[PDB]
Amino acid sequence: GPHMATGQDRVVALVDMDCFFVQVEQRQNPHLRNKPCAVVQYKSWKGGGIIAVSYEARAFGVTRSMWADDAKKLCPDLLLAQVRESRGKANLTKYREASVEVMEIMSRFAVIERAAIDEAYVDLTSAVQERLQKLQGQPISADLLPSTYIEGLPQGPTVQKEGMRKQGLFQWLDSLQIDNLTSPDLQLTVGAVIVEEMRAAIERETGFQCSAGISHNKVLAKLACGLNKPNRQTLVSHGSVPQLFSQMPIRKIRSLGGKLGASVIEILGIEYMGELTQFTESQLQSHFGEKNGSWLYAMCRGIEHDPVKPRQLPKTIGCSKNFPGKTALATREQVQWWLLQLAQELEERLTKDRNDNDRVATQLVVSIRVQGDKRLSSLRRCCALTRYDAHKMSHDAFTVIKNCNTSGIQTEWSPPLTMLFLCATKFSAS
DNA sequence: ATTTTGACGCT
Ligand SMILES: [Ca+2]
Ligand SMILES: [Mg+2]
Ligand SMILES: [Mg+2]
């Protein structure tokens, strides 16, 4: 009752660039705009692996992870842009730099947590308070929310998508109590106004469109963001949670898409997030551990406390390459040459990072996979990263991994290596 | 033969 927390203390948004690598390539090459197109890495093996797909091409069934040759079977007019290749490997610099463009714009509005190359959480609580004080009891016009969906509306006593969107927004705004500045629904609504402004600024200043979710925590904001894509934003209120979760597969909630969510489904014999409400906190802790159990107990009620962390920059800078099938590295010279390629890309990115961001990495992590091992990484070792020098870093990585070679032959490497991975970590201010 | 990333939890 009067003491039960409701998780309505913050306004949190999640902003997600639509088909991001595709938009970067479409901005650069106008011939690709408004066409079925995809971004592909490499080209020799089956036309290359697709890593991003425009919504026009998704309509044909083209997906990420698909080989371009197969996608062309679904979509014969599919246009393709290739990721740059440098030093023998795919090089993602263009997309990292485009990401910085967008994150710097978002940071003008509020504190952001970089969640991936194309998405960030936004803590809007303070910005909403200030905007509410500026408004001075003035109602919020639908014109301030031209791309916003209110999840769960319209309801109760038009057959077009935009007409439905507007009907629901009208019902929401008609019900709103705009004179209580502490009202969580009003706070979410002002948050959505700010996110419309943020998304307009991103599009004006970069050309890139994005979607967004606005709710009271990160998990609900992330879920909301996916409800109406592309180029739209969705407000998920606390009150919408019971209906939304009542048919929501557990795997759709962030962190439950893998083994833990599978165990929740199997052990409890349920399918939907809302079904979790029927268990006590102790029951859930008994099955899934103290932390996970408490988290699930709160989350199925719409409540999550994970903070938006103030972190706009990645914590690690890494470079990796797979060597599948017959290309697995089987000689020492091969291993050393590719460690050098990876180390040279790493040195370039690290020097740029030091100049831009006033920090230096202090640890070098070396990871390899051996042929036959099902795990993505077979071995991980660390060593000191004391100089931004590619020859030193590659020599050090070889030193820490050279004892993995079973081969009694000096020149040969066995078992063959199917993956090399160098990662700079443990940054310190510089 | 997806590939190339990135963050965080466990012990
Ligand atoms: Ca995206
Ligand atoms: Mg995606
Ligand atoms: Mg994303």
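The analysis underlying the following values was restricted to heavy atoms, covering all of them including side chains, and did not include hydrogens, waters or symmetry mates. Throughout, a chain's letter reflects where its sequence line sits, starting with A, and its residues are numbered from 1.
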Looking at B/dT4, I'd like to know if its phosphate oxygens (OP1 or OP2) sit under 4.0 Å from a side-chain N or O belonging to A/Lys321. yes
At 4.0 Å (heavy atoms only), tell me whether A/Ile50 reaches a base, stays on the sugar-phosphate, or touches nothing. base
Is A/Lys46 touching bases, backbone alone, or none of the nucleic acid, heavy atoms closer than 4.0 Å? nothing
Counting side-chain heavy atoms from C-beta on, which of B/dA1, B/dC8, B/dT5 comes nearest to A/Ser320? B/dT5
Can you tell which of B/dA7, B/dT2, B/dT4 lies closest to the side chain of A/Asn322? B/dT4
Using a cut-off of 4.0 Å on non-hydrogen atoms, how would the nucleic acid contact of A/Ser65 be classed: base, sugar-phosphate, or nothing? base
Let's go through A/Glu348 and A/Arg87 carefully: what are the C-alpha distance in whole Å and the side-chain angles of both, what is the deciding distance for salt bridge (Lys or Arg N to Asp or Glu O under 4.0 Å) to 0.1 Å, and is it a yes or a no? CA-CA 12 Å; A/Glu348 190 171 346; A/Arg87 292 182 245 266; 2.3 Å; yes
A/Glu56/A/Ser54 under side-chain hydrogen bond (donor to acceptor under 3.5 Å, both in side chains): CA gap, chis, key distance, verdict: CA-CA 5 Å; A/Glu56 294 86 348; A/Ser54 82; 3.3 Å; yes
For residues A/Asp306 and A/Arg10, report the shortest heavy-atom separation together with the two atoms involved. O-NH1, 3.0 Å
Rounded distance (nearest 0.5 Å) linking atom CZ of A/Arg33 with atom CG of A/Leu79: 14.0 Å
With nearest nucleotides of DNA chain B determined for A/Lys309 and A/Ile51 from heavy-atom distances, which residue corresponds to the more 5′ nucleotide? A/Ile51
Nearest-Å distance for atom pair CZ/P, residues A/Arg84 and B/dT5: 13 Å
With a 3.5 Å cut-off and heavy atoms only, can you find an N or O donor on one side and an acceptor on the other between the side chain of A/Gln41 and the base of B/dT4? no
Side chain of A/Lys315 - closest among B/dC8, B/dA1, B/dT4: B/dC8
Minimum-distance nucleotide (side-chain atoms of A/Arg114 versus B/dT2, B/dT5, B/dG6): B/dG6
Could you check whether A/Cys423 gets within reach of a base, just the sugar-phosphate, or nothing at all, counting any heavy atom under 4.0 Å? nothing
Counting side-chain heavy atoms from CB outward, which of B/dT4, B/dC8, B/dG6 is closest to A/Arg349? B/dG6
First of A/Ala115 and A/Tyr42 reached from the 5' end of DNA chain B, by closest nucleotide: A/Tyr42
Nearest to the side chain of A/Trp45, heavy atoms from C-beta on, is which of B/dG6, B/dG9, B/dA1? B/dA1
